[PDB]
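Each of two forms of one protein chain follows alone as C-alpha cells, named structure 1 and structure 2.
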Structure 1
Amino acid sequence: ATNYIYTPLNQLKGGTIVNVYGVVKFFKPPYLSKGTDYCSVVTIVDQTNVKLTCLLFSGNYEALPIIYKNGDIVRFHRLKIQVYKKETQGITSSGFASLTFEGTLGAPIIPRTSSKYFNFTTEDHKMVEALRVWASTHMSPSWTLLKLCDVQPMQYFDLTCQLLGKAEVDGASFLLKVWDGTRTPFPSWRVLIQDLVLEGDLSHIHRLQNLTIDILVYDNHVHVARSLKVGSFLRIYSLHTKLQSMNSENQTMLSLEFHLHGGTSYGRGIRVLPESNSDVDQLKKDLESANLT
C-alpha cells in the first residue's frame, strides 16, 4: 500500500515536505522554548556527507524524536524543508513522525517512538543497517561518555547514572544526587541547604558514602530536574567538572564540583533512559558490582 519515498540529504530542496534518514551528529534534548511547545534541535548526516539541521516543535515531550546519544539513527516523516538565513533548514510539519534506533552494530533494530502506529518495511531495516555500518566507518564513538572514575577537572562530559535524591536550593538552582557505581578520583563537593528537601532514601544515600556525587543544575534545567523520579536512570549531557580548594564546611579539601549550566548549547540537558536501553544494562551491572565497605 503506502510506499514512502526517502530523499537523500544532498538532494533536499527548499519549500518541500520530505521523509529522511540520518545519523545524529548533534542534538539538543527537548526543552521548553519561549513559545508553547517543547523544542528539539537535531543535526543529522547521511552517506552523502551533507548535514541537515532540523528544528522540531511539539506540545508533547515524547512526540519529539527519542534521541539518547550521538550516533543514533533517526527516520523523519513529513519534515518541511525551508531556507532560513541563506541556509537549508528542517522544521516540523503537520503530522510529523519520528523513529529512532540504536547506532551500535549488530544490536536489534527496535523502533523508539511515541506514535501508536507507524509504517516499517524490510527496506527500512536494510537502510538502518547500512546507516549503522556507514556511521561505524565514518564517525567516531563519543568520548564524552565517561564513568565517574575517569573524569578530570575542568572538563565537559556526558554522564549515564542513576538518581538517588533531589532537593531545592535557591530557586535558580536545583540539587541532584546521582551515582554510577564508580568513585570519582576526587571526593565530590557537597552543596549545603538550610532546610533539606531531600526526596530520596536517606539511608541508601548515606550507605553509598562517596559513590554519590552532587550535581547543581541551573535555570531552564531546574524545572526538568524537579520532575524526575528518584531511582530512574538519567543521561546528563555536557556536565561541567571543576576543582575546589575548600568544602562547604570551610575545611581545606580538594573536591570535584559538577555543574549543569544554563542554556541548551552542546546539548546541556537531561534525558530519562528506559531500562530497555543497553547502556542502562551496563550501568546496572556496575551498580550491583560496586565496591563498598
Structure 2
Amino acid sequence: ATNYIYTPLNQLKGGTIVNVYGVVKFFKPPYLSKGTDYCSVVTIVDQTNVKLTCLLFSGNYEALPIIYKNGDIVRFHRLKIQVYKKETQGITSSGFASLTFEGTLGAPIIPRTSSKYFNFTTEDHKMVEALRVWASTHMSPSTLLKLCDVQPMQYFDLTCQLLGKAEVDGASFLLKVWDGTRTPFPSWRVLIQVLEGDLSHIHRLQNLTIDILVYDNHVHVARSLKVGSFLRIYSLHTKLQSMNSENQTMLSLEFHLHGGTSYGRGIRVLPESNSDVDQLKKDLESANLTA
C-alpha cells in the first residue's frame, strides 16, 4: 500500500528524508549554477509558523518546483533534512518531486509538476485548502503591478510579453517588453546596432514598450527566450535617471535586472495556462487597438 506521511516543519530532524507541505514565503526561480545542476532556493512555512529554507538541485530545469509567485503552495517528496552552520536546511535527495498550487482561497486546485507519474489524493486537497486558510490571514494577497504604476526607484516583479531581443556587449543583453500600459516617464533606450522581433510592431507601440537590460548570469537565459512568449521578471529594478552621459539634464526610467540571484532576481517563462497571462493578453489587445 502507498502511504505518504508529511512532517510538520517544526518536527524536522537532521539526517532524515521526509515529505512536506508549505506556503512559499521566498524563492529564487531555477538558475544554472556554477556547478552541474540548475538550482532553486525555496523558503516555505506552515501552520507551525516555522520557516524552512530548501536548496534544490537538478539536471533538468523543469524537475524543480514550478513556482510563479510567493504565496504558492508546494508539496515536496523526498526532501533531505540536514544542518548547515547550526542551521537546519532542506536539500534535494534522490527521487525528489514537487507539486505546486495556487495559494489563494477558492482558487482552482491544479497540481503543477514535470513528473509524469505522481500521487494525488483527497488528503492533498485537504492539505492545500488547510494551508490556504492559514495563509489567508498570515500573508498578503496576490496584486500585480502594471508599468503605469512603477515608482522612480524600486524592485518589483514584472509580468509582460517579450517583443524583442538584442545583444549589447556580452556582459549585458536587451529585452524589449510590454504589458499594455505606459510608464510614468519614458523608458530609457539602449543604443542598439541585431534586434530580433517584429520591428514594425515595436516601432508602432512607441513608449508602450520598455527596454530592460539584464547582466552577467541573466544573459544566456535572456538569449534563449522566445520572442512573443510571456515572462515574469523577478526583482526588476527601476532607476530614474536625471542626468545623461553628456551631462545634460533630463528624465528617463531605466530598468535593470542586476547580476546575481539575491532576492530572487531571475526570469521565468509563463505558460499560456497561467491565469495572469489571460489577464495580460486582454490588456495587450486593448492597448494594441489604440496604438
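Heads up, when I say rigid core I mean the largest set of C-alphas that superpose within 1.5 Å between the two forms. Here, a residue number simply tells you its place in the sequence of structure 1, counted from 1. Residues that one form lacks are left out of the comparison.
Rigid core as reference, CA moved 2 Å or more between structure 1 and structure 2 - which of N60, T48, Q251, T36? Result of the superposition: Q251 is the only one at 2 Å or more.
Core-fitted comparison between structure 1 and structure 2 - CA shift at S114, Å: Looking at the C-alpha of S114 between structure 1 and structure 2, the offset is 0.4 Å.
Inter-form CA displacement between structure 1 and structure 2 at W134 - rigid core frame, Å: Shift of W134 at C-alpha, rigid core superposed: 1.1 Å.
Are there runs of at least three residues between structure 1 and structure 2 whose C-alphas all move 2 Å or more relative to the rigid core, and where are they? When the rigid core is held fixed, residues 245-253, 291-293 are the runs that shift.
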